[PDB]
Amino acid sequence: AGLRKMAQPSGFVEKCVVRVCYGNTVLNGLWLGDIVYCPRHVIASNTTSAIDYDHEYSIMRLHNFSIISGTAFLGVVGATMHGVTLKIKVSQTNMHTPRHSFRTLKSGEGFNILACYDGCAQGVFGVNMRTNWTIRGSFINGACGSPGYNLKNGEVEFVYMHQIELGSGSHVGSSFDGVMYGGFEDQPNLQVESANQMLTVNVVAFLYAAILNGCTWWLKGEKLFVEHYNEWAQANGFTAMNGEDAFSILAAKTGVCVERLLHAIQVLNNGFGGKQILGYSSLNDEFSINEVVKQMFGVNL
Amino acid sequence: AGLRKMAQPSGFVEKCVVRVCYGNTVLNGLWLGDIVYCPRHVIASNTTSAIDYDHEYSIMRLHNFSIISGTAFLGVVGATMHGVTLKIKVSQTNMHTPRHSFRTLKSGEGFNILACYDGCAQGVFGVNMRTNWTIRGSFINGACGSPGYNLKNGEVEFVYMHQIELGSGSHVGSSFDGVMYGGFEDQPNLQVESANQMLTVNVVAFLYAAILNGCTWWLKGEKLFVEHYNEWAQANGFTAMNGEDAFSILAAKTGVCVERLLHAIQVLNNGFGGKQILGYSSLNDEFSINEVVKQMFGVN
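Protein chains in written order, with the authors' numbering: chain B, 1 to 301; chain A, 1 to 300.
Structure, rendered in structure tokens:
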């Protein structure tokens, strides 16, 4: 019983984090095989003006690099720039490289972040890529390069490299192919993200989790058609209802159809009247159906 | 920027989790040195009624154990009962044993739980020991023996071994010394926990984190003295304020004294009124001074 924000174990990933230093700039890198991945701004000559990375890369001198794994130095033999990432080729192959793949997150997908600060992991937490392509993380200077991952089918999927913090406090990263999520730039200039949207499928999953844990004071009998809910959502900051696949499975299991939950969302969006649901005082879109089913049924969708 | 409930890395602990099988039961154990620690009920043959652990231990046979690390079987050479825990001596030392110590959690302290099942870690999350000595975790059958830990000063402090789930869904564990938190028993009969209280010290830390970020719509100028606040707390389900000195760094950085936050607590307890603080719609007591200062300033 119970439902709590959880992170997948960090062991496999911790052994891949290294300290990358170029000149006076220090940040984190991910060492897989004989390549160390890190944000390209590690070579930026400044952090106050617009950066011309083409020029920056042309004047880059490899002897300025210092890469440390634990207490050992890695030997740099080359480096190439890909989008907002740098791929540094070293002589050493990380013997702890887990079976892995690289994937690009979709809107609303959940993953894990290993917050690192000098090539050393300090914390781990689960997060979701929001519809505005930013995440609600917690970072301080030095967190750049921190990796985002998911453990699946016996391997590690690398999906996020921390890059910047917007004026709003929201965080943005890039995939390992160098593509910044949301199209944000790795420049100091002011950048504003679009309005965030509540993830409807996650809210529905959260309500089903409440039902499975014996919390149903809010549950009523009225039903709301998906087509109609979607009209409301588009105008009230909520994403459209979709999936339904795993949802139909839960609807059958609990005997409570999705329509009843969509009606509840529409109502609960006005307030909980002082009551709580699984420890929360307002609708929560942090848990996906995947997390809910894994935590309560022990199965992976 | 930001404030997120985090867990400390699980790397050093994952390597110590083993599967402990005895008769018709399977749960998790913690392998440190040449000892495997686990809940003693793993030897309970029948759990339909009261368990006579002294009797259970007297009939226990070492050959009925099967301890597996990853894919390897460990040789059992002995086993003793300490409180609600079993200390199983094996024939080999865990080469991955980290620098460690054992500590017993006090009311309201935070730690990390590595949720394990068939002797394999599946999830990790930070949690706090509540005033009623239970934790609001997330587990399914097979999680018994999952360890709770804290990383500090270059070593791993083992503080919790998962033991039971109450009818309310609350979770209870024991220290590695074999003392069950809250005095709960590893018996089948119904057991009920006491009323929980909001951890004032954590709520204060939460408000400081709010200020450090751009959220201060709730901040007023009135000062509520500790003495007066504790009077209100005792009658409203909150713990008493303590260690005001500890908040020195946060108060100095924000320019806001604890007294003003105690006043805010008393007021915000009546409701936020549609507004949110760091994304929450009600007071939060999940973050300690330690967590906030670490996430805000990177200081331990």
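A virtual CB, placed ideally from N, CA and C, is assigned to each residue, including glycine.
Neighbours of B/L3 in chain A, taken as residues whose beta carbon is under 7 Å from its own, are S138 in chain order.
Contacts with chain A at 8 Å (Cβ-Cβ) include B/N213. For A/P9, the nearest beta carbon of chain B is closer than 8 Å to its own beta carbon. Excluding five sequence positions before and after A/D285, the CB atoms of its chain that fall closer than 6 Å to its own CB belong to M198, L199, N202 and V203, given in chain order.
Here B/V17 carries a strand assignment [DSSP, helix/strand/coil]. A direct Cα-to-Cα measurement between A/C215 and A/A209 gives close to 9 Å. Nearest CB-CB separation between A/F125 and chain B: below the 8 Å threshold. Non-local beta-carbon contacts of A/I35 in its own chain, meaning distances under 8 Å to residues more than five positions away in sequence, involve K87, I88, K89 and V90 in chain order.
The continuous alpha helix (DSSP H) containing A/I289 extends over residues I289 to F297.
Within the model, the alpha-carbon separation for B/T134 versus A/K223 is close to 38 Å. In the structure shown, B/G173 falls within a strand segment according to DSSP collapsed to helix, strand and coil. Counting the other CB atoms within 10 Å of its CB gives B/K5 a total of 16 or more, which places it among the buried residues. The three-state reading of DSSP puts B/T25 in strand, counting E and B together. Non-local C-beta neighbours of B/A246 in its own chain, meaning closer than 6 Å and more than five positions away in sequence, comprise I289 and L301, ordered along the chain. Here the alpha carbon of B/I211 sits roughly 8 Å from the alpha carbon of B/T254.
Around the Cβ of A/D186, a 10 Å sphere holds 16 or more other Cβ atoms; the residue is buried. By the Cβ-count criterion, B/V192 is exposed, with fewer than 16 other Cβ atoms from all chains shown falling within 10 Å of its own Cβ. With fewer than 16 other Cβ atoms from the protein chains shown falling within 10 Å of its own Cβ, B/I59 counts as exposed. In the DSSP assignment, B/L30 forms a beta bridge with B/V17 and B/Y37. Neighbours of A/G298 in chain B, taken as residues whose beta carbon is under 9 Å from its own, are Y117, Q122, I140, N141 and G142 in chain order. In this chain, the beta strand (DSSP E) harbouring B/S69 covers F65 to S69. The C-beta distance from B/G145 to B/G70 rounds to 16 Å, too long to meet the 8 Å contact threshold. If you look at A/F238, you'll find it isn't in any beta strand (DSSP E); DSSP assigns it neither H nor E. Under DSSP, A/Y149 takes part in a beta bridge, and its partners are A/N112 and A/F158. Using a CB distance cut-off of 8 Å, A/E222 does not count as an interface residue toward chain B. Among the residues of chain A, those whose CB is under 7 Å from the CB of B/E14 are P9 and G11, following chain order. DSSP places A/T80 within a strand segment (E or B) once states are collapsed to three. For B/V124, the CB contacts under 8 Å within the same chain, skipping 5 residues up- and downstream, are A7, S10, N112, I113, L114 and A115 in chain order.
By the criterion of a C-beta distance shorter than 7 Å, B/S194 is surrounded in its chain by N132, once the five residues flanking it on both sides are discounted.
At a cut-off of 8 Å between beta-carbon atoms, A/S175 makes no contact with chain B.
Around the beta-carbon of B/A121, 16 or more other beta-carbon atoms lie within 10 Å, marking it buried.
At least one beta carbon of chain B lies nearer than 8 Å to the beta carbon of A/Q295.
Classified as buried, B/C38 has 16 or more neighbouring CB atoms from the shown chains inside 10 Å of its CB. According to DSSP, A/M129 shares a beta bridge with no other residue. The beta carbons of B/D118 and B/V26 sit about 7 Å from each other, so the pair counts as a contact at 8 Å.
B/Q122 carries a strand assignment under DSSP once its states are collapsed to helix, strand and coil.
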